[PDB]
Amino acid sequence: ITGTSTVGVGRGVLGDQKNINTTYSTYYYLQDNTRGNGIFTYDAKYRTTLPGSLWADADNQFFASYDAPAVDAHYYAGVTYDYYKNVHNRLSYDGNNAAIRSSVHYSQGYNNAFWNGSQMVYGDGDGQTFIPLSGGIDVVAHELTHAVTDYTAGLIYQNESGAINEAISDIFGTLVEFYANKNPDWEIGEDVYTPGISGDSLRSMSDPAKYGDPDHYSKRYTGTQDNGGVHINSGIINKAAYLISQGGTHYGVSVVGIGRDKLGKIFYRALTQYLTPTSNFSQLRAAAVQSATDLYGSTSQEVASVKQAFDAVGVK
Ligand SMILES: [Ca+2]
Ligand SMILES: [Ca+2]
Ligand SMILES: [Ca+2]
Ligand SMILES: [Ca+2]
Ligand SMILES: [Zn+2]
């Protein structure tokens, strides 16, 4: 809507206070006009109809429990937009400042969040397995990254191409978590997963096997469940990414870490310049090697580490 840009204050899912960009026009709306064509957050009111109603508040103060998921979805979408703009010089997910829209309070006790090709959607969780999913910055960045992939490589959500699609979202979800410096780690969804159990997460990039996911190509899932194991086989790529950044010895193969910044540059270039809708793991390796070559030279340590990382997880 048309109005005056202002700043409100509220508390997120984890109880932390933060300032959020809003728009004033009779009511204060969760509409951030400071980033691209705007960031809009909607209330799905426990229904499944999308997007719902643009979030309206009477006093620009968001401290009600019902407000929490909206505050975080709105705020973290902004942080993610900043990451892509400041680090990769990319304006929003389409590269042309497309408006970012998110709906919270989707359905009842919904233990999931997703990008539906047009917007982000967040469930509130059942309170046991998950608390409102927008409370996790790696979750929000994971979803917005799916939008980036859709407008670039367009990786099909099935089999190996889908596993890469998933890994890319976990990789950048984690890089954004580090960017915001919010208790960063290489785990996925730890802030909103199982509130009654500390120390766990949905997936782990440092050790995918901790939760039963494969950490080597020889252990890849070949069934039909989960669209061919897109959330399972992503562990093979996540481990490779972790090794490239942090280094280590995996299955007898030693990798010299080159850091998170370079990991981000290498994968962003691979995603935007070399990957295609049907790319498989072997092609991702080639794309990553070529990207590192473009940026640091064929005889660089960076290229060496990328090769070692993929060798470590058995991807030739
Ligand atoms: Ca209020
Ligand atoms: Ca964390
Ligand atoms: Ca995390
Ligand atoms: Ca937990
Ligand atoms: Zn995903």
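This chain uses plain numbering: 1 for the first residue, then up along the sequence. Only heavy atoms go into these numbers, but all of them, side chains included; no hydrogens, no water, no symmetry mates.
- Atom CG of residue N280 and atom OG1 of residue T278 lie 8.0 Å apart, to the nearest 0.5 angstrom.
- For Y42 and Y122, the gap between ring centers reaches or exceeds 6.0 Å.
- Between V71 and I20 the shortest heavy-atom distance is O-CG2, 4.1 Å.
- A 6.0 Å sphere centred on NZ of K182 holds more than 12 heavy atoms belonging to other residues, nucleotides or ligands.
- At least one side-chain heavy atom of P69 sits under 4.5 Å from a side-chain heavy atom of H105.
- Each of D213, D170, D215 was evaluated against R203; a single residue qualifies, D170, per the salt bridge (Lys or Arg N to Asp or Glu O under 4.0 Å) test.
- Remark: side-chain polar atoms of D150 are not paired, donor with acceptor, to backbone N or O of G154 under 3.5 angstrom.
- Dense packing is recorded around NZ of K18, with more than 12 heavy atoms of other residues, nucleotides or ligands lying under 6.0 Å away.
- With a 6.0 Å cutoff to the six-membered ring centre and a 45° limit on the axis angle, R90 does not count as a cation-pi contact of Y84.
- Proximity of the aromatic rings of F114 and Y106 is defined here by a centroid distance below 6.0 angstrom, and this criterion is met.
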Item to check | Criterion side chain to side chain donor-acceptor pair (under 3.5 Å) on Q119 and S103, from CA distance to verdict | outcome: CA-CA 8 Å; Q119 65 165 103; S103 295; 2.8 Å; yes
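- Here the OG1-CG distance, from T152 to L271, works out to 3.5 Å after rounding to the nearest 0.5 Å.
- The local environment of OH in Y93 is crowded, with over 12 non-hydrogen atoms from other residues, nucleotides or ligands closer than 6.0 Å.
- Of all heavy-atom pairs between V192 and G135, the closest is CG1-C, 3.6 Å.
- Judged by the 6.0 Å and 45° rule, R285 forms no cation-pi pair with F310.
- For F281, the ring pair (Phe, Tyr, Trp, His ring centres under 6.0 Å) partners are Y217, not counting sequence neighbours.
- Residue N97 comes nearest to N37 through the heavy atom pair O-ND2, 2.7 Å, listed as atom of the first residue, atom of the second, then distance.
- Side-chain contact between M120 and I100 is present, with at least one heavy-atom pair separated by less than 4.5 Å.
- When the shell of 6.0 Å around CD of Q301 is examined, it contains more than 12 heavy atoms from other residues, nucleotides or ligands.
- Atoms CG and CG, on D57 and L30 in that order, are 7.5 Å from each other to the nearest 0.5 Å.
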Next on the checklist: Does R35 form a salt bridge (charged side-chain N to carboxylate O under 4.0 Å, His left out) with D32? I'd like the steps, not just the answer.
Outcome noted: CA-CA 7 Å; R35 300 178 166 93; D32 177 0; 2.7 Å; yes
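- For the atom pair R11 CZ and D72 CG, the distance stands at 12.5 Å (nearest 0.5 Å).
- Proximity of a side-chain donor or acceptor of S234 to a complementary backbone N or O of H231 within less than 3.5 Å is detected.
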